[PDB]
Amino acid sequence: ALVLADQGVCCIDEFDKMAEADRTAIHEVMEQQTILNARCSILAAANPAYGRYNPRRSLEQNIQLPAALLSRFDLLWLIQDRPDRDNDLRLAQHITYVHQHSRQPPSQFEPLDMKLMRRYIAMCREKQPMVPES
Amino acid sequence: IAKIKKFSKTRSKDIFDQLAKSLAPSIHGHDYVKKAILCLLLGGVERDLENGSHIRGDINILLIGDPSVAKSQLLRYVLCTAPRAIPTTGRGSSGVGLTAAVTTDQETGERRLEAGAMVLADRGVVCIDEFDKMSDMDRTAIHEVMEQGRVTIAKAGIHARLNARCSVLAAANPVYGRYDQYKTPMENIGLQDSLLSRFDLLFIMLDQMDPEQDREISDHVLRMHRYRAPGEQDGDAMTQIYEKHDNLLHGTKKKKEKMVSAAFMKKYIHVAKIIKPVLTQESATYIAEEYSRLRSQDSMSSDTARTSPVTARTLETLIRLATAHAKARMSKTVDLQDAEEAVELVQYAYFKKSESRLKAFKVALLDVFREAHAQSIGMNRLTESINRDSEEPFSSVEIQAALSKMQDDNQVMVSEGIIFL
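From first to last, the protein sequence lines stand for chains 7 and 3.
FYI, in the authors' numbering the residues of the first sequence are 433 to 467, 478 to 576.
FYI, in the authors' numbering the residues of the second sequence are 281 to 518, 542 to 656, 740 to 807.
Following this line, the structure appears as structure tokens:
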């Protein structure tokens, strides 16, 4: 799977639900993008061990992954299902509108098409900016 | 067709009441289970979007309870009645059996796809007895079908996606063998939150040995056992809308009511499934408010516990049950009682076993007095701060009544427009 997504994106979910043996091989792919070449962007998804994130416990214990593996991820994003009444009502109404109207709720600007975004990303990948010394 | 129209016009609201009642004469009680089975037979509405996203229109129901409460009997009856019904036991079929597989043909060297158990049962019913004995991994395999009703297969040289739009009945036993009244339902069920959330309805059946209930069950069983088919000699080894009354199957007391025949019931179910209802705006706000009440009930649960977590899929289940109940009676629009029936079903399934004036006045007084840090406060600031942070500028007469009550309590004294504690 890692080789198949060369020069692409490897989206993997249930990362926390995998044996450490594969995790060990994942470190080389993360550090050197090689296995063969594995030049891919890794997008991993994870869940808490107990089903709920506990802020009391440390991050590593709640993720049951080594600190080095998390460090090799350049970005970490935690999402918690914090219960807020107004936010819950807004989410519920948006879900209702998406369900009924077959469409997203009307935002300020209509989102661009998938093909247009793909072409824009392809063109933006073509440029190689140089970092100024200032 | 004429008989169906006459029955629909005469029995306007009783249809959903009668069909659930006449669903299984051989099984006594379990009205809610019969209503859920009727809703499954009717089914929801599948909606396809302009973006192509698919929204499931099937319902998943899991029954858990003590042995000998006539669950396998219900499963067998559904298998007999449903057009495309497939029984798959727990360990009888594995993931390879349930999910379509790829086989390399030796004759030509190509790879072909062989359909699984769920693939064949398209727009049908799949019955799974002893669901507890099934491994977690087959549960993960079935999760995709229960979520989106599709199976994606990819083996080097070939890749495909097959439709698996189907409904599932599941019967499982508790971990301890018999359901524990004292222990919480979470321990008794012993299943992950994701599997329960993906299920739409959870039913818990208890073998309550009440005097009258035991007597009635014994009488029903004896009457069914003593019954013999007409036209047959005793001791031998071996379409009207309403069924003909029988002294043994129905009884003398049940002469006032009649049961619907199987063929007419099947035809009406098919016609109802053909019907495509439309949701109304009046029911939408009521359903949303009741869903908000259900989500906020966590602070109002009292000693009652919840069998399943409440997620965004519960709103989908409410809409689908309302659609099925609207399909029960030949109509075009969704009414209030249509949503009320689904709400009552959810209430039954999900859960198992002035003064504010004074409080606001006291809170405002606290804020005023320790925003001043002194024992004397000017009247203008008093009134402005009391009626500024409060959404309602309170009535002067009731304010003075509260002041008099607190003066009788020797907590507050007002003198010449200045308040002292």
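Note that beta-carbon positions come from the ideal geometry of N, C-alpha and C, so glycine has one too.
Setting aside the 5 residues that flank it on each side, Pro454 (chain 3) is surrounded in the same chain by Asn468, each with a C-beta closer than 6 Å to its C-beta; the list follows chain order.
In the pairwise beta carbon analysis, the stretch 353-369 of chain 3 is classified as touching the stretch 315-334 of chain 3: at least three pairs are separated by under 8 Å. With a threshold of 16 other beta carbon atoms within 10 Å, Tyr456 (chain 3) falls short and is exposed. Looking only at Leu639 (chain 3), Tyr653 (chain 3) and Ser771 (chain 3), the smallest Cα-Cα distance to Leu481 (chain 3) is reached by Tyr653 (chain 3).
With fewer than 16 other CB atoms across the displayed protein chains lying within 10 angstroms of its CB, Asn550 (chain 3) is exposed.
Its Cα nearest to that of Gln584 (chain 3), the residue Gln542 (chain 7) stands out among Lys569 (chain 7), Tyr562 (chain 7), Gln570 (chain 7) and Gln542 (chain 7). A straight line joining the alpha-carbon of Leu434 (chain 7) with that of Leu520 (chain 7) spans about 25 Å. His505 (chain 3) and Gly375 (chain 3) have their C-alpha atoms spaced approximately 40 Å apart. As for any beta strand (DSSP E) of minimum length 3 sitting wholly inside the stretch 394-451 of chain 3, the runs are 405-408, 430-435 and 438-443, ordered along the chain.
Taking a beta-carbon distance threshold of 9 Å, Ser599 (chain 3) counts as an interface residue toward chain 7.
For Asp549 (chain 3), no CB of chain 7 lies under 9 Å from its own CB, so it is not counted at the interface with that chain. In the DSSP annotation of this structure, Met568 (chain 3) is not part of any beta strand (DSSP E); the continuous alpha helix (DSSP H) holding it starts and ends at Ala565 to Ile577. Around the beta-carbon of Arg623 (chain 3), 16 or more other beta-carbon atoms lie within 10 Å, marking it buried.
For chain 3, the residues of the stretch 518-531 of chain 7 that bring a beta carbon within less than 7 Å of one of its beta carbons are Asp530 and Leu531, in chain order.
Under the Cβ criterion of 9 Å, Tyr594 (chain 3) is counted among the residues facing chain 7. Segment contact: the stretch 329-342 of chain 3 against the stretch 479-498 of chain 3, three or more CB-CB distances shorter than 8 Å; contact assigned. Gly332 (chain 3) is classed as exposed because its beta carbon has fewer than 16 other beta carbons within 10 Å across all chains shown. If you draw a straight line from the Cα of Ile590 (chain 3) to the Cα of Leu621 (chain 3), it comes to about 8 Å. Per DSSP, the unbroken beta strand (DSSP E) holding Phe806 (chain 3) starts and ends at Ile804 to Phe806.
Membership of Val649 (chain 3) in the alpha helix (DSSP H) is indicated by the continuous run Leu639 to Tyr653. When C-alpha distances from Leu789 (chain 3) are compared across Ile804 (chain 3), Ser498 (chain 3) and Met799 (chain 3), the shortest belongs to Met799 (chain 3).
Taking CB atoms only, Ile366 (chain 3) has no neighbour in chain 7 less than 9 Å away.
Close partners of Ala534 (chain 7) in chain 3 (Cβ separation under 9 Å): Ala591, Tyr594, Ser595, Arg598, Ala615 and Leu618.
Cβ-Cβ distances below 7 Å link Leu486 (chain 3) to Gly345, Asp346 and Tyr459 in the same chain, with the five nearest sequence neighbours on each side left out; the list follows chain order.
Sixteen is the threshold: when 16 or more other Cβ atoms of the shown chains lie within 10 Å of the Cβ of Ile422 (chain 3), as they do, the residue is buried.
Under the Cβ criterion of 9 Å, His459 (chain 7) is not counted among the residues facing chain 3.
Going by DSSP, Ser782 (chain 3) is part of no beta strand (DSSP E) but of the alpha helix (DSSP H) stretching over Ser782 to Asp794. In terms of CA proximity to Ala350 (chain 3), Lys314 (chain 3) leads the group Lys314 (chain 3), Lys556 (chain 3) and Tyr594 (chain 3).
Selection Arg632 (chain 3), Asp416 (chain 3), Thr588 (chain 3) and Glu784 (chain 3) evaluated against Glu741 (chain 3) yields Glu784 (chain 3) as nearest (Cα-Cα).
When C-alpha distances from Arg336 (chain 3) are compared across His573 (chain 3), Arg445 (chain 3), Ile408 (chain 3) and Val563 (chain 3), the shortest belongs to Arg445 (chain 3). Around the beta carbon of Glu644 (chain 3), 16 or more other beta carbons sit within 10 angstroms, so the residue counts as buried. Around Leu329 (chain 3), the beta-carbon contacts reaching into chain 7 at under 8 Å are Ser544 and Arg545. For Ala746 (chain 3), the CB contacts under 7 Å within the same chain, skipping 5 residues up- and downstream, are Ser776 in chain order.
Using a CB distance below 7 Å, the part of the stretch 468-486 of chain 3 facing chain 7 consists of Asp473, ordered along the chain. Taking 9 Å as the CB threshold, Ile444 (chain 7) stays off the interface with chain 3. In this chain, the beta strand (DSSP E) harbouring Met799 (chain 3) covers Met799 to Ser801.
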